[PDB]
Structure formats: structure tokens, C-alpha cells
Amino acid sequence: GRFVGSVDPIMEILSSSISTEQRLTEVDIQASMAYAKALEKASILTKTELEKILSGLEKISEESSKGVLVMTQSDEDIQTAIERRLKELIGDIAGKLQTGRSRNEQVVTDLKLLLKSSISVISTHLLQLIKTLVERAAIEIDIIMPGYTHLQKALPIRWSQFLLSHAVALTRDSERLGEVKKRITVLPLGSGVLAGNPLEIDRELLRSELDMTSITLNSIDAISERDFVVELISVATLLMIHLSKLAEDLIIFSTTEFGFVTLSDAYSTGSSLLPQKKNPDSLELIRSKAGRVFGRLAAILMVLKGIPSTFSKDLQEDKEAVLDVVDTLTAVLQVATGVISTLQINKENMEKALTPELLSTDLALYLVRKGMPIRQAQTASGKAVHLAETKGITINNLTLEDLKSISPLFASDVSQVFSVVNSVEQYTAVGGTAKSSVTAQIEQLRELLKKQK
């Protein structure tokens, strides 16, 4: 058994922690200032009362910034703490601010207000990462390296093509982030307990004061939905997936075995006895964070699944979940930007990784251009790799006489095929790795970034 009485403190430690509640103090102060003005317009508050109210709130605002706004366990949430503090410096008048207002609408409002601001910060860091990748791609556009499929060397490609693939994926995340922002800016304040505000409050005034793009259409939905939370986290999860893959790419490319890249000392750790060993601690951290964010997505969906269309304590889990995601995402984008802007590419090791064999497909494409069918062209180049293989040499060292025995279509210009530059220049069609396509990609991305305003 367990008989505590009519309180049981243990259930209090299951609610949002005070450190979390404090994060919403400012947005709750702004929301209340807007509501106060609306009340005066509805003749609930006199101009005199409004002035004492707005003054008191401003004072509390200053206290929050100084981090001296005290909150007790008895104040179960920041909304209560703020009302207590107002009564403390203004007196009874303070109680009139809650006329027709419910805690049910405060929490959703405050959370949306906080995210509107957070998305902006996230967005800023996202674009920096994209700009960093596109610009580095434009600078190292002459670098050529091996491209992979199934982590096996397939053919030569431009290192810039690799960087641009990530930039393009992150641009889609950017686009999704922008779409989510439009739905977060829908103000739910003025929905009361469930049926809406009963005092003919002017919600358009609330929207204007709070700088929101619109107001909620239905009071029941405004109070019980947490779509904005789910989307944001969902969008943040796919973004983290992208970064987890880049982290994987660089971890492999930074191995001594591959030796394509080297991380700055700022984003790695080493051993005093093994001065060559450079641990990609930063990338491993990024990769693992994809799991932390996904975990918040799974949690919130499970929380919402199957509960009635109304307000219930269940919804309380949204605060910790989103704050963790925004803080994680924010710190992660900054670290990623650092890693990419300060890493060093080893052009030497990249070329040396490009062996002649990687050009056997170009050898068949050559025949195809001479009119020969792909099937026949393929088998032809196959005999070439077999011949050189027997002659203990590479294909680029096969005389025009050796090739001539395979097919009469092999002219003198066949020597042009054995060039990593000619190889990559074949892909001029939109999206390919030719210097011209890469340049066009960089231009289109620059334009997209600009359109992120």
C-alpha cells in the first residue's frame, strides 16, 4: 500500500522540470502583454490598470534576463510563477489578467512563440553550412577522385560533385524547415479552456502584437493539437539523417587506409604516442545525435497516439522533447560547419587512388560513339582488360595494335580516353560531374540560398 494523503510530492517530480519551465519565461511575458492590451480594448481593464500591468510585466522581463526570476515547486509551471510575481509587485490588479484565459491556451501559445524564434536560429546555421559546402566546392572544382558504389571504386568523379550532393540534400531540409515555419506562426491564444474566449476578445490584435501570420480556426483543435511539434522534430530528424551519412562518409575518407581527408585538430583528438592517429570524435558525435533526435520523434508520436481530442496531462511531454531537439540541432549544425570549413583534402592520395582500370567503361563508350551497340562495346573493352591483364600491364599501355585486334573501330584518338579529365568531362548533361554542370549547380544553389529570405 501507499497512503500519502491529498498531495503526494512524488507526482510533482514527473512534471516538467523547473530548468525547462524557465526557458519559456520571456515568451510567456510577451503573450501576457498582448492579452492585457486586448482586455483593455474589451473593457475588462481600464487604461490605468493596463499601465500598471504592462509596467509590472516589463519588470519581470528584466528579472528573467538577469536570471533572477525565482520559481518554487508549488508554482507547478512558469505561467503560475509569473502570475505570482506580478501580484507581488503590482497587487490584486494582476488577477484581472487571467480573465477568460486558460492555462490550456497559454502553454501551446508560449511553445509556438519559442519555436518561431528557434527555427530562425536553426535556419541561419543551416544556410551557413550549405553556403560553406557550395563555396568549397567552387574552390576545389578541379579536384578529381574515385567515386564509389557499394563502397567499391566505380569511376573517377569530381570531389566537388560529392560536396554538392550533400548541399542539395540540406537545401531540401531548408525548404521543409520553411514550410513548417508557416504553420508554427498560427496563433492559438484566445481559445480559452476549450470552447474559445467568452469575452469577445480581439484575436486579430493578439496576432498583430505577437507578430504571428494568422489565428487558429477552431478552439478545440488549437488546444489539443501538437502537429507543429511533430513536424519540426520530423524535419529535424531527416536533417540529422543526412548529417549522419556525411559523418559516415568523412569517417571513412579520413581513415589512413583511404587518406582522402584530414580533420582540423579542433575537431579531432590524438595520442601523444601516435602523432598520426586522429580520431574523428566530432563526426562520431554528429552521427550518434541522429539517434537522440529520432528518439524524441518516436516518443512524441507514441504520446499522441490514441488519446481523446482534448487537453490532458499527456501533452506535457512536448516541452522537453522539442527543446532538446532545437538545442541539439543548433549545436550540431555549428560543429558540422566547422568540420567542413577547416578540413584538409589530400589531393595526392586522391589521384594515386585513381588506377587505369577505372576507365574501362569510357573505353566502351568510345566504341558506342563509333556506332557500335552497347552490348558489343562492353564485351570489347572486356577483352582489353583481359589482354592487358595477361600481358602484365595496365590498359592505358595497350598499343593501338593490341586494341586493333579486338576491333577495327579503335583509332588513334582512343588515347584520349585514358585521361581522368576527359572521363569526368563526358557528363555534361544536367546534373553530371563535368566542370560545366558543377558550375551550373553552384549557380542554382546560390540563387536558392538567396531565395531563403
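Residues carry their position along the shown sequence, with the first being 1.
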**OP:** Look over 268-276 and 177-185 in the entry and identify the one with the greater average Cα temperature factor.
**Re:** 268-276
Subject >> Residue range whose averaged C-alpha B-factor is higher in the record, 382-390 or 40-48 >> reply: 382-390
Subject >> From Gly291, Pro356, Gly192, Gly338, residue of greatest CA B-factor >> reply: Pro356
Original post:
Can you tell me which of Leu57, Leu403, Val27, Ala34 has the highest Cα temperature factor in the record?
Top reply: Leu403
**OP:** Tell me, lowest, middle or highest third: where does the Cα B factor of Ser15 rank within its chain?
**Re:** highest
**OP:** Taking the values exactly as deposited, rank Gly196 by C-alpha B-factor within its chain and report the matching third: lowest, middle or highest.
**Re:** lowest
Original post:
Mind checking which third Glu351 falls in for C-alpha B-factor across the chain?
Top reply: highest
**OP:** Relative to the other modelled residues of the same chain, rank the CA B-factor of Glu257 and answer lowest, middle or highest third.
**Re:** middle
Subject >> For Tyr366, the third of its chain into which the C-alpha B factor falls >> reply: highest
